[PDB]
file start08.txt (compact mmCIF, C-alpha atoms)
# COMPACT_ATOMS: atom_id res chain seq x y z
CA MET Q 1 34.53 69.85 -32.16
CA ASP Q 2 34.09 68.46 -28.67
CA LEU Q 3 37.24 67.94 -26.63
CA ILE Q 4 36.80 64.31 -25.65
CA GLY Q 5 38.97 61.21 -25.78
CA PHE Q 6 40.75 61.22 -29.13
CA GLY Q 7 42.29 57.76 -29.20
CA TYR Q 8 38.82 56.27 -28.92
CA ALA Q 9 37.69 58.27 -31.93
CA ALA Q 10 40.77 56.94 -33.68
CA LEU Q 11 39.67 53.44 -32.75
CA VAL Q 12 36.09 53.65 -33.98
CA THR Q 13 37.46 55.50 -36.98
CA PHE Q 14 39.91 52.75 -37.84
CA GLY Q 15 37.32 50.03 -37.42
CA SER Q 16 34.37 51.76 -39.04
CA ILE Q 17 36.65 52.88 -41.85
CA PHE Q 18 37.67 49.27 -42.31
CA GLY Q 19 34.01 48.36 -42.51
CA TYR Q 20 33.45 51.18 -44.97
CA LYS Q 21 29.76 51.92 -44.53
CA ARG Q 22 29.29 55.56 -43.62
CA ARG Q 23 30.90 57.92 -46.11
CA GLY Q 24 28.99 58.97 -49.21
CA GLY Q 25 29.97 62.30 -50.72
CA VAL Q 26 31.87 61.47 -53.88
CA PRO Q 27 33.48 64.91 -54.13
CA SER Q 28 36.12 63.93 -56.66
CA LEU Q 29 38.89 62.08 -54.86
CA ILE Q 30 36.83 58.95 -55.42
CA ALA Q 31 36.89 59.58 -59.15
CA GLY Q 32 40.61 60.07 -58.73
CA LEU Q 33 40.90 56.68 -57.07
CA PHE Q 34 39.00 54.93 -59.84
CA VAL Q 35 40.86 56.65 -62.64
CA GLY Q 36 44.24 56.45 -60.94
CA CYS Q 37 43.45 52.84 -60.10
CA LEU Q 38 42.75 51.75 -63.66
CA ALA Q 39 45.95 53.61 -64.46
CA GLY Q 40 48.18 51.77 -62.01
CA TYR Q 41 46.35 48.46 -62.04
CA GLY Q 42 46.30 48.46 -65.82
CA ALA Q 43 49.99 49.32 -65.96
CA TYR Q 44 50.43 46.32 -63.69
CA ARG Q 45 48.32 44.14 -65.96
CA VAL Q 46 50.62 44.75 -68.90
CA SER Q 47 48.29 44.44 -71.87
CA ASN Q 48 48.83 47.51 -74.02
CA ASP Q 49 48.59 50.64 -71.92
CA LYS Q 50 51.90 52.31 -71.15
CA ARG Q 51 54.01 51.21 -68.20
CA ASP Q 52 53.49 52.18 -64.58
CA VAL Q 53 54.58 55.57 -63.30
CA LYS Q 54 54.16 57.17 -66.70
CA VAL Q 55 50.51 56.22 -66.45
CA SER Q 56 50.11 58.64 -63.56
CA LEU Q 57 51.70 61.30 -65.75
CA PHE Q 58 49.03 60.58 -68.33
CA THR Q 59 46.43 60.66 -65.58
CA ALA Q 60 47.28 64.16 -64.40
CA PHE Q 61 47.84 65.28 -67.97
CA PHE Q 62 44.45 64.04 -69.13
CA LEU Q 63 42.71 65.40 -66.06
CA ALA Q 64 44.28 68.83 -66.40
CA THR Q 65 43.58 68.74 -70.12
CA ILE Q 66 39.99 67.99 -69.17
CA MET Q 67 40.01 70.91 -66.77
CA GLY Q 68 41.34 73.51 -69.18
CA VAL Q 69 42.87 75.95 -66.72
CA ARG Q 70 46.27 74.46 -65.96
CA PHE Q 71 47.48 74.52 -62.37
CA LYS Q 72 47.61 78.02 -60.93
CA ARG Q 73 47.97 79.23 -57.36
CA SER Q 74 44.58 80.54 -56.31
CA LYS Q 75 41.72 80.16 -53.87
CA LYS Q 76 40.25 76.73 -53.21
CA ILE Q 77 42.32 73.59 -53.61
CA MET Q 78 40.64 72.23 -56.71
CA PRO Q 79 43.71 72.79 -58.89
CA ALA Q 80 46.38 72.46 -56.22
CA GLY Q 81 44.63 69.38 -54.89
CA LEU Q 82 45.31 67.67 -58.20
CA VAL Q 83 49.01 68.36 -57.74
CA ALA Q 84 48.61 66.94 -54.25
CA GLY Q 85 47.19 63.81 -55.84
CA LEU Q 86 49.93 63.26 -58.38
CA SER Q 87 52.50 63.94 -55.68
CA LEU Q 88 50.87 61.55 -53.24
CA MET Q 89 51.05 59.00 -56.03
CA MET Q 90 54.75 59.46 -56.67
CA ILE Q 91 55.55 59.13 -52.98
CA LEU Q 92 53.45 55.99 -52.78
CA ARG Q 93 55.47 54.85 -55.77
CA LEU Q 94 58.71 55.55 -53.94
CA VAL Q 95 57.72 52.78 -51.56
CA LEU Q 96 55.87 50.73 -54.15
CA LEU Q 97 59.22 50.19 -55.82
CA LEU Q 98 60.19 48.08 -52.83
CA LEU Q 99 56.79 46.48 -52.43
call {"tool": "encode", "arguments": {"input": "start08.txt", "output": "structure tokens"}}
result
Amino acid sequence: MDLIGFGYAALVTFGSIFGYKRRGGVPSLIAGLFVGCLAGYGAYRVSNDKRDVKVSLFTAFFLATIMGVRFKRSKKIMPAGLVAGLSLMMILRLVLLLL
């Protein structure tokens, strides 16, 4: 949409994003951030919940279990997306290790 300066858009995007005061859809990802968060964070707290990493496993497991229809290649990205989430997590964990 519109073939105008990109960089600029990347600038305003970066800033605005940082200010976080525009979005407002709450499709699901958000819910994934909250849940996943508690998962990781909690695992980091070390109170009772299992250890990190595994948590994620329990996150995807619970979610899927909540869904009913286990992952399955098909239209939309509702199911696949989930896999994209868990994956994204792992990767982030690959670096987290260092962090």
call {"tool": "atom_distance", "arguments": {"input": "start08.txt", "atom1": "atom CA of residue 22 of chain Q", "atom2": "atom CA of residue 96 of chain Q"}}
result
29.0 Å
call {"tool": "atom_distance", "arguments": {"input": "start08.txt", "atom1": "atom CA of residue 88 of chain Q", "atom2": "atom CA of residue 1 of chain Q"}}
result
27.9 Å
call {"tool": "residues_near_point", "arguments": {"input": "start08.txt", "point": "(43.1, 55.3, -63.6)", "cutoff": "12 Å", "atoms": "all atoms listed in the file", "output": "PyMOL selection string"}}
result
chain Q and resi 29-44+49-50+52-63+86+89
call {"tool": "axis_aligned_box", "arguments": {"input": "start08.txt", "around": "segment 71-81 of chain Q", "padding_each_side": "8 Å", "output": "lines of an AutoDock Vina configuration file"}}
result
center_x = 44.1
center_y = 75.0
center_z = -57.8
size_x = 23.7
size_y = 27.2
size_z = 25.2
call {"tool": "atom_distance", "arguments": {"input": "start08.txt", "atom1": "atom CA of residue 85 of chain Q", "atom2": "atom CA of residue 71 of chain Q"}}
result
12.5 Å
call {"tool": "closest_atom_pairs", "arguments": {"input": "start08.txt", "of": "segment 13-97 of chain Q", "to": "segment 4-9 of chain Q", "cutoff": "12 Å", "atoms": "only C-alpha atoms", "output": "JSON lines"}}
result
{"residue": "Q:13", "atom": "CA", "partner": "Q:9", "partner_atom": "CA", "distance": 5.8}
{"residue": "Q:14", "atom": "CA", "partner": "Q:9", "partner_atom": "CA", "distance": 8.4}
{"residue": "Q:15", "atom": "CA", "partner": "Q:9", "partner_atom": "CA", "distance": 9.9}
{"residue": "Q:16", "atom": "CA", "partner": "Q:9", "partner_atom": "CA", "distance": 10.2}
{"residue": "Q:17", "atom": "CA", "partner": "Q:9", "partner_atom": "CA", "distance": 11.3}
call {"tool": "closest_residue", "arguments": {"input": "start08.txt", "among": "Q:20, Q:45, Q:28, Q:98", "to": "residue 77 of chain Q", "atoms": "all atoms listed in the file"}}
result
Q:28
call {"tool": "residues_near_point", "arguments": {"input": "start08.txt", "point": "(49.6, 76.4, -63.0)", "cutoff": "12 Å", "atoms": "all atoms listed in the file", "output": "VMD selection string"}}
result
chain Q and resid 64 67 to 74 78 to 83
